[PDB]
Amino acid sequence: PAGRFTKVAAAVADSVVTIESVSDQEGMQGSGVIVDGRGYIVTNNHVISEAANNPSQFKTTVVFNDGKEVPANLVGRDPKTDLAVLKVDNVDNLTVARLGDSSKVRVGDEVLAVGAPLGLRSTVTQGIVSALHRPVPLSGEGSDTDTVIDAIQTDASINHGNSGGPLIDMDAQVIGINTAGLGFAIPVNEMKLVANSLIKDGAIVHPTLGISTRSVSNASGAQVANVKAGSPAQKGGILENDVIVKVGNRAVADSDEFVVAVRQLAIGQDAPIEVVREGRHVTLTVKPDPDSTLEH
Amino acid sequence: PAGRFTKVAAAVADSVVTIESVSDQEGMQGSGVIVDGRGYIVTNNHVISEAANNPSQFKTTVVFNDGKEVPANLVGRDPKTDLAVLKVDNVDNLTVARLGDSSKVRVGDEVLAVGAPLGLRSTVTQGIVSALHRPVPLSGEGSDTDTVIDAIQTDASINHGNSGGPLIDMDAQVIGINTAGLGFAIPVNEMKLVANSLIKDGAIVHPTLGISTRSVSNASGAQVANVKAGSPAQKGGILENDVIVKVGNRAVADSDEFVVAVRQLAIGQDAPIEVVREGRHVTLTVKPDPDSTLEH
Amino acid sequence: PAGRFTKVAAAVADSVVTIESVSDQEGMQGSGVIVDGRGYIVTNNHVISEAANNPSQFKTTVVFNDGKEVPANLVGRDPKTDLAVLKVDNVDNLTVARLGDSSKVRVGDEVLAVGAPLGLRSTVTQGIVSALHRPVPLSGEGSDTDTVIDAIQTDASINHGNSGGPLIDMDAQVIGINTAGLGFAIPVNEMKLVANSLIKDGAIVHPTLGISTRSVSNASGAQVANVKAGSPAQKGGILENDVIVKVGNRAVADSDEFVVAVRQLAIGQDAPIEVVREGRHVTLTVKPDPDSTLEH
C-alpha cells in the first residue's frame with residue numbers, strides 16, 4: 001500500500017538525473033529532467049553556469065537512477081529564464097518525462113518538487129501551488145546577469161537538493177522546473193519554448209528596450225532609472241524618472257513585472273509603453289530590439 | 001478534476017480582498033475577508049496601522065476578486081488582537097465568507113492560509129493546525145503597542161502575501177485570520193467578538209492590571225517587572241519580582257500567557273492572582289480596570 | 001468527521017510526553033515517546049544533556065497526556081546518535097507507542113512530527129519523507145561532542161516544540177525520533193538498537209578509527225585532517241591529506257558520511273579503507289577500536 005505522493009515520486013524517478021560539474025578544485029551538483037529520448041536534459045542555468053563560462057577547466061556528467069555515469073555536453077543555456085539543456089549521447093532505454101501544461105495549473109494544486117534521488121543532498125518536497133505568473137528576481141550565479149521570471153510559486157521547499165529537477169503534479173507530469181537560484185519553478189510551457197530554441201540554435205533571443213528600472217508605489221510601477229543611448233526606449237521618447245505602468249498589453253506593478261513584460265514583446269514590432277510623467281499620463285511607442293542581434 | 005485544496009481555495013476567493021493604503025510616498029498592501037453583506041471587511045491591525053495613525057495623508061481602497069476598486073473606510077481597530085474592520089459602501093452582490101467555529105478546531109486539521117488572489121505578492125499556503133490556544137507575541141507596526149494573542153498555530157506559511165486573509169478549513173469556512181505581524185492566526189471566535197465591538201462602537205475595551213512582566217523558568221511564570229502607581233495590581237498587593245503563576249482560572253507559564261490571561265478577566269470584578277513571593281505561595285485579589293475608561 | 005492527520009495525531013498523543021529539567025536558575029523542556037510498558041521513554045540526548053552533565057543541580061520530570069507529573073531517571077544516553085532513555089517508576093496504564101520499521105519507509109511517505117501536547121511551545125507538523133539515509137551533522141548541546149547521523153529527512157518542520165517526539169507514519173507508528181539539534185529524524189530501527197543497549201548497559205559503544213576529516217569535492221570524499229597516535233588508522237597506514245572514498249562496504253561522499261560509515265564497522269575486525277593518495281588509488285586495512293574500552 002504505497003502512499004499518494006510515494007507513487008508519484010517513484011513514477012518519475014527514472015526521468016530525473018544528477019548533473020555534476022567538476023574542475024581541479026571545484027565541484028558543483030544539481031538535478032535535471034530527461035525531456036527527449038535522444039538524450040536531451042533540462043536543468044537550471046545556475047546549475048551549470050560555471051562549467052559554461054569556464055568549459056576548458058570543468059567537466060560535466062549525468063548520473064541516472066540506476067547509477068550510470070555518462071559524459072554530458074551543453075546544448076544551450078538561457079540565464080534570462082535560468083534554463084539550460086544538456087545532451088547525453090546514444091544512451092538507450094531512457095525514461096523521458098511527461099510534460100504537463102502549466103497553463104492548466106491552478107492555485108491549490110498539490111505538487112512535488114523532485115530532486116535527483118542519487119544527488120548528494122537530494123530532496124523531494126511536497127506542497128501546493130501558491131501563486132501563478134508571479135514575477136520573481138533570480139540572482140546570477142557567476143558572471144551571469146541577474147534576471148526575473150514569471151514563476152509558479154509553491155510552498156513546497158525549493159532547495160539545492162531539488163533545484164533543476166521537475167515540479168510534478170498529481171498526474172506525474174512536469175509542470176515546471178525547480179529553481180533555488182517560498183519556492184519558485186519555471187513553468188513548463190515557457191520551458192518547452194526556451195528548450196526548443198536552445199536545442200535548435202544553441203541559444204535564444206529575447207527582446208530588449210534599453211531600460212533599467214526601480215520599483216515605485218504611491219498614490220505606482222517601474223521607475224525609469226537609466227535609458228541606454230540609441231535604444232528603442234530612447235528613440236521612443238522614454239524619459240528618466242518616467243513611471244512605467246504598462247508594457248504592451250500587460251500592466252506593470254514594479255521593476256520585477258517590467259522585466260518579465262518586456263520579454264513578452266514582439267521583436268521588431270511597434271508596441272505601446274504607458275507611463276506617468278510629472279503627473280501626466282503619457283503613452284509612448286517602442287520597437288524592441290533583439291538582445292543578441294547576430295543570432296536574430 | 002479539480003484538486004482537494006484547489007476546490008476549497010476557489011470556493012472562498014470571492015470573499016477575500018486586497019486592502020491597499022497609499023500616500024504621496026508610501027504604499028502598503030494586505031488581504032482581508034468579507035464578513036457582512038453590508039460591506040464589513042476584517043483584516044489585520046498592522047495592515048492598516050499607518051493609515052489609521054495618519055488618516056489625513058493615507059487613502060485606503062479595497063480590490064475585489066473581479067478587479068473592482070472601491071474606497072474603504074476604517075470602522076475600528078484593535079492592536080491588542082491585531083484586528084481591524086473596514087467598510088465598503090453600497091457594493092452589491094458581495095460574497096460573504098462562511099465563519100467557522102475555532103473551538104471545534106483540532107490539532108492536525110488541514111487548513112489553507114488564503115491571500116487575496118490579486119495582491120501583488122499574494123500567496124495561498126497549505127498545512128495543518130500545529131497548536132491551539134498558543135500565546136504568541138506580535139510586534140506593533142507603527143506607534144502601535146506590541147501585544148500577545150491566543151493564536152491558532154499552523155505549519156502553513158503565513159507571510160505578507162496572505163496576512164489579513166482567512167485561515168480556511170476543509171469545509172471552506174473561516175477558522176482564523178492570518179497574521180504575519182511557524183505561522184499564526186487569530187482564531188475566528190475571538191474575531192467575531194472583537195469585530196462586533198468594533199462595528200458597534202468603533203473601538204474595543206480590554207481589561208488591564210498595570211503589570212509588566214518578564215518570563216522566568218526554574219525549579220516558573222511571569223516575573224513582575226513594573227507595577228503602575230494606583231493600579232489594580234498596586235491596590236491588590238502585587239509586588240515587584242513577584243512570580244505570577246495564575247491569573248483568574250488560567251495557569252500562566254510565561255510573560256506571553258500572562259498578557260493573554262489578563263484579557264480574559266472580568267472588568268470591575270474581583271479576581272485572584274496566584275504568585276510566588278520570596279519562596280512563599282501567596283494569592284492576591286485584583287479588580288481589573290478598563291484600558292480605555294471613557295469607552296467603558 | 002475527524003481529519004486524516006487529526007486521527008493519527010490523536011491516536012498517538014497518549015504515548016508522547018513532556019520532558020522537563022530544571023535547576024535553581026535554568027529550565028529546559030522537550031518531548032519524548034513511551035516505548036516500553038515498564039516506563040521506558042526515548043528522547044533526544046540534547047533535550048537532557050545538561051541534566052546528564054550536571055545531575056546534582058538538575059531535576060527531571062515527565063508530564064503525561066492527562067497532566068500527571070512524575071519524577072524521571074536517566075537510564076542512558078548516546079550523544080553520537082543524539083538519543084537518550086528515561087524511566088518512570090511504577091506508572092500504571094501506560095500507552096506504549098507502536099514502533100514501525102524505518103527500513104520500509106519511502107520517499108514521499110506522509111508523516112507527522114508530533115510534539116508533546118502539553119509542552120510550552122508544542123507543535124505537530126505535517127509533511128513527507130524527503131530523503132532516506134541522509135547524513136546530517138548535529139551540534140552538541142553542552143560539553144557534548146558534535147556528531148553526524150544517518151537521518152530520515154522530512155519537509156515537516158522539526159523544531160523545539162516537537163524535538164524528541166516521534167515521527168509518525170499514516171499507520172500511527174513511530175518511524176523516527178525528531179531532532180532539532182529541512183527537518184531530520186533518527187530512524188526508528190537505529191533507535192531500537194541504541195535504546196536496547198542503553199536500557200541493558202546504561203551506555204553504548206561505537207567503533208572508532210582515530211580519524212578526523214574535512215570534505216573535498218573535485219575531479220572527492222573525506223580528507224584526512226588528523227590521525228591520532230597509536231590509532232587503528234595510524235597502525236593501518238592511513239596518512240594525512242589522504243582522501244577517503246570508501247569505509248567498509250559504504251562509499252563516502254564527504255566528512256558527514258565518513259562519520260556515519262565508521263559507526264557501521266565491526267569492532268575488532270579487519271575492514272578496508274579505500275583512499276586516493278597523491279593521485280594514486282590505495283586501499284588500507286584497519287581494525288576499529290571501541291570508543292569506550294571499559295564498556296566493551
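Chain naming here is simple, since letters A, B, ... match the order of the sequence lines and numbering starts at 1 in each.
Closest non-hydrogen pair, B/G142 versus B/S49, comes out as N-OG, 3.6 Å. The two residues B/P71 and B/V88 come nearest to each other via the heavy atoms O-CG1, 3.7 Å. Nearest heavy-atom pair across A/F184 and A/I158 is N-CG1, 3.7 Å. Counting all heavy atoms, side chain and backbone alike, A/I238 lies closest to A/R277 at CA-NH2, 4.3 Å. Nearest heavy-atom pair, A/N241 versus A/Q223, reported as atom, atom and distance to 0.1 Å: O-NE2, 3.9 Å. Here the closest heavy-atom approach between residue B/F5 and residue A/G108 is recorded as CB-O, 3.5 Å.
There is no side-chain donor-acceptor pair under 3.5 Å between A/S163 and A/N178. With no hydrogens or angles considered, no side-chain donor-acceptor pair links A/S130 and A/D155 at under 3.5 Å. Using modelled atom types and a 3.5 Å distance limit, the side chains of A/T123 and A/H160 yield no donor-acceptor pair. Under the 3.5 Å distance criterion, with hydrogens and angles disregarded, a donor-acceptor pair is assigned to the side chains of B/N53 and B/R77. Remark: the A/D144 side chain and the A/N45 side chain contain an N/O donor-acceptor pair separated by less than 3.5 Å. Judged purely by distance below 3.5 Å, without hydrogens or angles, the side chains of B/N65 and B/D14 pair a donor atom with an acceptor atom. Judged purely by distance below 3.5 Å, without hydrogens or angles, the side chains of A/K192 and A/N196 never pair a donor atom with an acceptor atom. For the 3.5 Å distance criterion, the side chains of B/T6 and A/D109 qualify, holding a donor opposite an acceptor.
Residues A/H281 and A/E274 form no side-chain contact, since every pair of their non-hydrogen atoms from C-beta on lies 4.5 Å or further apart. The side-chain heavy atoms of B/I41 and B/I19, taken from C-beta on, include a pair separated by under 4.5 Å. At a threshold of 4.5 Å between non-hydrogen side-chain atoms, the residues A/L74 and A/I48 count as touching. Between B/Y40 and B/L86, every side-chain heavy-atom pair lies at or beyond the 4.5 Å cut-off. Side-chain atoms of A/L83 and A/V85, non-hydrogen and from C-beta on, never get closer than 4.5 Å to each other. Side chains of B/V42 and B/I177 form a contact here, defined as non-hydrogen atoms less than 4.5 Å apart. Residues B/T147 and B/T81 form no side-chain contact, since every pair of their non-hydrogen atoms from C-beta on lies 4.5 Å or further apart. For the pair A/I128 and B/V124, the minimum side-chain heavy-atom distance is below 4.5 Å.
Formation of a donor-acceptor pair under 3.5 Å by the A/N162 side chain with backbone atoms of A/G115 is not found in this model. Under the 3.5 Å distance criterion, the side-chain polar atoms of A/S31 are left unmatched by any main-chain donor or acceptor of A/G164. Although no hydrogens or angles enter the test, the distance criterion places no donor-acceptor pair under 3.5 Å between the side chain of A/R263 and the main chain of A/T208. At least one donor-acceptor pair closer than 3.5 Å links the side chain of A/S197 to the backbone N or O of A/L193. Checked by atom type and distance alone, the side chain of A/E295 never pairs as donor or acceptor with a backbone atom of A/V205 at under 3.5 Å. Put simply, the side chain of B/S23 never gets that close to the backbone of B/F58: no donor and acceptor are under 3.5 Å apart. In this structure, the side chain of B/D201 does not engage the main chain of B/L198 through any donor-acceptor pair within 3.5 Å. Looking at A/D82, its side chain does come within 3.5 Å of a backbone N or O of A/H46 through a donor-acceptor pair. Panel note: side chain A/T125, backbone A/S157; a donor-acceptor pair is recorded below 3.5 Å. Between the side chain of A/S102 and the main chain of A/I175, no donor-acceptor pair closer than 3.5 Å is present.
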Test side-chain hydrogen bond (donor to acceptor under 3.5 Å, both in side chains) on A/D78 and A/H206 and set out the steps. CA-CA 10 Å; A/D78 185 10; A/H206 286 301; 2.7 Å; yes
List the steps, then state whether side-chain contact (heavy atoms from CB on, under 4.5 Å) holds for A/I149 with A/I186. CA-CA 7 Å; A/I149 68 164; A/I186 306 161; 3.7 Å; yes
Salt bridge (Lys or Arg N to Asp or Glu O under 4.0 Å) between A/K80 and A/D291: does it pass, once the steps are laid out? CA-CA 11 Å; A/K80 281 194 184 180; A/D291 60 354; 3.1 Å; yes
What verdict does the side-chain hydrogen bond (donor to acceptor under 3.5 Å, both in side chains) test give for A/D150 and A/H133, after you've listed the backbone C-alpha separation in whole Å, the side-chain angles of each residue and the deciding distance to 0.1 Å? CA-CA 5 Å; A/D150 262 334; A/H133 312 290; 4.9 Å; no
Carefully, step by step, assess A/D101 and A/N189 under the rule side-chain contact (heavy atoms from CB on, under 4.5 Å). CA-CA 6 Å; A/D101 190 355; A/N189 283 16; 2.7 Å; yes
Between A/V105 and A/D169, is the side-chain contact (heavy atoms from CB on, under 4.5 Å) condition met? List the steps. CA-CA 9 Å; A/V105 173; A/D169 64 9; over 6 Å; no
Please lay out, stage by stage, how B/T61 and B/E69 fare under the test side-chain hydrogen bond (donor to acceptor under 3.5 Å, both in side chains). CA-CA 7 Å; B/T61 61; B/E69 192 145 8; 3.0 Å; yes
Could you check A/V252 against A/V245 for side-chain contact (heavy atoms from CB on, under 4.5 Å), going step by step and ending with a plain yes or no? CA-CA 5 Å; A/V252 169; A/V245 300; 5.8 Å; no
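Every residue meeting the side-chain contact (heavy atoms from CB on, under 4.5 Å) condition with A/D146, not counting sequence neighbours, appears here in chain and number order: A/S139. Looking at residues two or more places apart in sequence or on another chain, you find no side chain to side chain donor-acceptor pair (under 3.5 Å) involving B/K7. By the side chain to side chain donor-acceptor pair (under 3.5 Å) test, A/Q264 pairs with no residue at all, sequence neighbours left out.
Between B/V63 and the options B/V17, B/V70, B/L118, a side-chain contact (heavy atoms from CB on, under 4.5 Å) holds for only B/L118. Between A/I244 and the options A/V224, A/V216, A/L284, a side-chain contact (heavy atoms from CB on, under 4.5 Å) holds for only A/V224. Each of A/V262, A/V247, A/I211 was evaluated against A/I273; a single residue qualifies, A/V247, per the side-chain contact (heavy atoms from CB on, under 4.5 Å) test.
No salt bridge links B/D36 with B/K87; every basic N to acidic carboxylate O contact stays at or beyond 4.0 Å.
Considering CD of A/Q126 and OG1 of A/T154, their distance stands at 8.0 Å, rounded to 0.5 Å.
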